[PDB]
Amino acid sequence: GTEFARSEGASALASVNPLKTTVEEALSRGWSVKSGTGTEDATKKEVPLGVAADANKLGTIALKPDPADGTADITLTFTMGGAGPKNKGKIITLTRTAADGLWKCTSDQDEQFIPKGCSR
């Protein structure tokens, strides 16, 4: 009844949306992106995303493939394991298609709580 269901979705998307820039900046250097926190690794030429998996207590952030070099589709997911009953277990997926470099957002939330710019 009183779950903050719209704000949960907005918060989840706000945790992953800024990582699009992080990914693009690494790929433009010809470096790979890897999950988690840490320093750039000049031996393997990997840049970490810079955010902990649990930075937002609504859920968990994941990257696939890990590491990612831009020659395959990339997905960033926010899995809402920490949310209330309407959104628990739902997943927001950002996909960067390697063929064209374009990003899409899909969600399996109930349509009324899907954030702006994302589709089913």
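We number the residues from 1 along the sequence you see.
J.: Would you tell me which stretch averages the higher CA B-factor in the PDB entry, 91-99 or 28-36?
T.: Mean CA B-factor is higher for 28-36.
J.: Which has higher Cα B-factors on average according to the PDB entry: 110-118 or 4-12?
T.: Looking at the record's C-alpha B-factors, the answer is 110-118.
J.: Can you tell me which of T43, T79, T71, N56 has the maximum CA B-factor listed in the PDB entry?
T.: Highest CA B-factor of the listed options: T43.
J.: Report the third (lowest, middle or highest) to which the CA temperature factor of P48 belongs, ranking only the modelled residues of the same chain.
T.: Within its chain, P48 is a middle-third residue by C-alpha B-factor, going by the deposited values.
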